[PDB]
Amino acid sequence: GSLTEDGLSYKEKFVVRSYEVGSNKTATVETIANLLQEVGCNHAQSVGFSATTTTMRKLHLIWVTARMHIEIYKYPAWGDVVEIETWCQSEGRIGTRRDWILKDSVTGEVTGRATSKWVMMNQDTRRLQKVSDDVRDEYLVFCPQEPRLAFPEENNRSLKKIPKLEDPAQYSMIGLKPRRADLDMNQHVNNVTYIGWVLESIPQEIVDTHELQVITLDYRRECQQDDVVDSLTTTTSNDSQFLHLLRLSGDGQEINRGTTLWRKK
Amino acid sequence: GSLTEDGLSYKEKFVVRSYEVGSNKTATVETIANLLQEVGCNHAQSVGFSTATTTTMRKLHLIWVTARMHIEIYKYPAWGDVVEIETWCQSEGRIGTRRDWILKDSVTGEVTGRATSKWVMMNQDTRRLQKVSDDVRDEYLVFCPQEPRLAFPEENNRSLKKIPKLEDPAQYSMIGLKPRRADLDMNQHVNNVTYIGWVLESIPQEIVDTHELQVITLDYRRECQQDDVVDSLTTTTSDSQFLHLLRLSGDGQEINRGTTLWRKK
Ligand SMILES: C[C@@H]1CCCN(C(=O)c2cscn2)CC1
Ligand SMILES: C[C@@H]1CCCN(C(=O)c2cscn2)CC1
């Protein structure tokens, strides 16, 4: 991959692997989410990061995902090449937004797009804090100055408020535990695992007859390596919509909430 | 990737991704196992095996199934490094075929790991393993070297050693392991790599933090269904050596058995 001519965004091509596809022989949404993560890490490394600054490392601060929103029009087939362009933009003292565009390497048509909201947090106390002006100036130079939104729409699904699922849930997957493959290089559960856990409560009948078009996932609390999670889903609707909730198997503490939108094959 | 000059083996280069590495920022053994699988699929596709079945095998409802996997790693590739893998097949008479791999450093050319696997023929409906017929053997002998080519040539080595059954009580255990949709392949079967991850779940974190996995030999006895639950058992048999057993959470039916060998960091 490489930064674009203006150095304000990054592009990378990926060939879809055998183990990355589903029953329809096309890449899963979790594989897509992993590819978004990979191009985001490479963009950060290319502009002198390792996504902490010296001021963030000095104050023990980190970037944490608050929301992820993915919309897929066409999933790449096994063996196809997909090009992803990614970039960041400041949103004032709230935090930063990171967006992506997925394109067909042969046709150049847009086959998917994503947006995510990130907030600053103290690594040790887990206390969120607004972005200080001194931290902002350090990365503003790597972002475009004019707004550049993967989801410009006058009123888009990426910024909709998500409500809390009411018991009893219509569908459920109980006793989900992460394994070592679910952890990152810092022994924390990978943000993609939550996507897989959310989708575990969707009935296989929906999975066999429908394709996932949209998914918006709010991140509320981290799941520890030794925690157990319950995945809950309720239908809220040619198109199927679901409301999701991830919570701790025991006390029922909320870790995630989201919505998915599926269309008929 | 591409077939070598003689068309008797295949090579492919992989860049190590951010989500593919462990706590010491070097690729996991499951990532290595996935890369072995990917280069094996590409080798099969390049010599005329469509979405590793032949026209005669398709006609008779026959498939290739792994019986044993043996991986030895000297140096795990770091995040961002390129690793080149060369793979090939060889017939072993009526028993079945063997598939071997050599892992090399793209910069130095030194061997950083090597693997071998034994495959047998099985009816995909009855699960009855059969010997390699004759009309089938001749159909693929032309894609394998005629003189022996072994990733593990040593006379009386670890790849061919007999594995015993773990005796209760196990010293360590991880119970209630269930596969999720990401653990399944394009045919809704549990991926052979998931078993490696499940075996390693019962290894104490103390071993994982102080040691590196050098060797792993895994026998495949029975498939784990999408709705099955597995228990992972381990006992120290000693460098550190362990004896492993995967079995069904309920009745205690054997699905896998193996051994690992770990070196101090
Ligand atoms: C271009 C970009 C500048 C902003 C920070 N960054 C990130 O990737 C990031 C995503 S969420 C918070 N930090 C590194 C590189
Ligand atoms: C070169 C090779 C030769 C025949 C078998 N094969 C495999 O991929 C295979 C079978 S069992 C493990 N590997 C297809 C192509």
Side-chain angles (χ1 to χ4, degrees), chain A residues 1-3 10 12-15 17 19-20 31 33-52 57 62-63 84 86 179-193 225, chain B residues 1 11-39 42 71-87 101-115 151 193 196-197 200 203 205 207-216 239 260-265:
Chain A
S2 182
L3 289 157
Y10 190 92
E12 193 173 351
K13 279 171 176 157
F14 298 99
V15 169
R17 302 181 176 163
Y19 61 96
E20 295 183 315
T31 284
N34 274 324
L35 297 198
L36 296 180
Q37 187 165 246
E38 174 68 355
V39 75
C41 285
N42 292 332
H43 179 193
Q45 184 186 339
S46 76
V47 289
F49 289 89
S50 53
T52 185
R57 261 174 285 128
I62 58 172
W63 284 117
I84 305 173
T86 191
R179 52 178 179 100
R180 295 207 191 88
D182 296 306
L183 314 174
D184 54 42
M185 51 178 119
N186 308 119
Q187 304 183 251
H188 292 279
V189 172
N190 190 299
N191 302 312
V192 174
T193 309
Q225 194 183 141
Chain B
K11 295 181 183 170
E12 193 173 351
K13 280 170 175 157
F14 299 99
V15 169
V16 185
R17 303 180 175 163
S18 50
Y19 61 96
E20 295 183 315
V21 307
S23 62
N24 59 91
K25 299 165 193 184
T26 66
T28 55
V29 79
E30 297 185 67
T31 285
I32 297 299
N34 274 323
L35 297 197
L36 295 180
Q37 187 166 244
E38 173 69 354
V39 75
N42 292 332
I71 308 175
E72 280 203 22
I73 301 294
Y74 314 118
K75 204 169 299 197
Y76 284 96
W79 156 40
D81 293 352
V82 185
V83 53
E84 178 180 73
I85 306 173
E86 180 185 15
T87 191
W101 300 255
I102 309 288
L103 287 96
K104 266 175 189 176
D105 189 337
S106 238
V107 181
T108 73
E110 85 198 28
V111 168
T112 59
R114 50 166 186 178
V193 174
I196 294 173
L200 301 171
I203 293 277
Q205 192 70 46
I207 305 304
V208 177
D209 296 349
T210 51
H211 293 77
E212 282 189 79
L213 186 70
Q214 183 134 244
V215 192
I216 184 182
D239 270 21
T260 63
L261 170 58
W262 299 70
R263 71 199 180 254
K264 253 185 88 141
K265 292 177 191 184

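Note: hydrogens, waters and symmetry copies are ignored here, and every other heavy atom, side chains too, is used. Throughout, a chain's letter reflects where its sequence line sits, starting with A, and its residues are numbered from 1.
A:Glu12 and A:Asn42 form a side-chain donor-acceptor contact under 3.5 Å, judged by distance and modelled atom types alone. Looking only at atom types and distance, the side chain of B:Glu30 has no donor-acceptor partner in the side chain of B:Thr28 under 3.5 Å away.
We find the CG-CG distance between A:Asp182 and A:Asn191 to be 12.0 Å, quoted to the nearest 0.5 Å. Note: B:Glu212 CD to B:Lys265 NZ = 6.0 Å, rounded to the nearest 0.5 Å. Atom SG in A:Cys41 sits 10.5 Å away from atom OH in A:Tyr10 (nearest 0.5 Å). One finds the NZ atom of A:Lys13 at 12.5 Å from the CD1 atom of A:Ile84 (value rounded to the nearest 0.5 Å). Interatomic distance, CZ of B:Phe14 versus CD of B:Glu84, reported as 10.5 Å (0.5 Å rounding). To the nearest 0.5 Å, the span separating CD1 on B:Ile71 from CG on B:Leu103 amounts to 9.0 Å.
Taking both residues in full, the closest heavy atoms of B:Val16 and B:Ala78 are given as CB-O, 3.5 Å, listed atom of the first, atom of the second, then distance. Between A:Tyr19 and B:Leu35 the shortest heavy-atom distance is OH-CD2, 3.8 Å. The two residues A:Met185 and B:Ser18 make their nearest non-hydrogen contact at CE-O, 4.0 Å. Across all non-hydrogen atoms, the minimal contact from B:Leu36 to B:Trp101 is O-NE1, 2.9 Å. A:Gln187 and B:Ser23 make their closest contact through CG-CB, 4.1 Å (heavy atoms, listed as atom of the first residue, atom of the second, distance).
The environment of B:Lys264 atom NZ is sparse: at most 12 non-hydrogen atoms of other residues, nucleotides or ligands sit within 6.0 angstrom.
A donor-acceptor distance shorter than 3.5 angstrom exists from the side chain of A:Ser46 to the backbone of A:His43, with no hydrogens or angles considered. Distance alone, capped at 3.5 Å, is enough to place a donor-acceptor pair between the A:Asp184 side chain and the A:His188 backbone. A donor-acceptor pair under 3.5 Å is formed between the side chain of A:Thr31 and the backbone N or O of A:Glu20. Using modelled atom types, no side-chain atom of B:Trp79 and backbone atom of B:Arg17 make a donor-acceptor pair closer than 3.5 Å. Proximity of a side-chain donor or acceptor of A:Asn190 to a complementary backbone N or O of A:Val192 within less than 3.5 Å is detected.
Remark: B:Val208 pairs with A:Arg180, B:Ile203, B:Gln205, B:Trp262 by the side chain to side chain contact (heavy atoms under 4.5 Å, CB included) rule, at least two apart or across chains.
Counting only heavy atoms from C-beta outward, the side chains of B:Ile73 and B:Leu213 never approach each other to under 4.5 Å.
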Audit row: B:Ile196, B:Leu200, side chain to side chain contact (heavy atoms under 4.5 Å, CB included) steps and yes/no: CA-CA 6 Å; B:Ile196 294 173; B:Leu200 301 171; 4.1 Å; yes
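Of the residues listed (B:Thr26, B:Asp81, B:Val83), the one engaging B:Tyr76 in a side-chain contact (heavy atoms from CB on, under 4.5 Å) is B:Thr26, and it is the only one.
Ion pairing of B:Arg114 with B:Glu72 is present here, as a side-chain N (NZ or NE/NH1/NH2) and a carboxylate O approach within less than 4.0 Å.
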